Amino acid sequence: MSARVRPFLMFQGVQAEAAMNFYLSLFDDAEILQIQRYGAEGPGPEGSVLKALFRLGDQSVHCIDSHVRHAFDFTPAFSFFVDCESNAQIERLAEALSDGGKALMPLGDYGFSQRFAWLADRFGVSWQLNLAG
């Protein structure tokens, strides 16, 4: 079959399962497609994510836990962009995503759509939420 390109999130420390469970709690049509955990032999902590794949709707996403830390983190340069279906949905998502995170652009009307927000979530990942007219 043909080469596949997908986004990939590298969490530092032990966060990937928490993040997947959090993202699954935001979108009902979502699930974990693949999960492999470290055992007792390391190098990551036992039970942490060696490699996983989850989907949010029709979008699959890879992730890992990395026991190796680096100076960099997630930044707004590479983000998820969500085409929201309703005002209630964008309000719920903006509130959930900014909880323990940061509202880089707080929810409001920035002139190019009905509503938009730019959040960095509690794991540091950037989420753009857009509600089109």
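Sequential numbering from 1, following the sequence displayed.
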Notebook entry, point to check: Would 71 to 79 or 25 to 33 have the larger average of its C-alpha temperature factors, as given in the entry?
Noted result: 25 to 33
Next item on the list: Mind pulling up the entry and telling me whether 57 to 65 or 38 to 46 has the higher mean Cα temperature factor?
Entry: 38 to 46
Notebook entry, point to check: In terms of the chain's CA B-factor thirds, is residue 93 lowest, middle or highest?
Noted result: middle
Check: residue 110's Cα B-factor: lowest, middle or highest third of the chain?
Finding: highest
Notebook entry, point to check: When the modelled residues of the chain are sorted by Cα temperature factor, does residue 130 land in the lowest, middle or highest third?
Noted result: middle
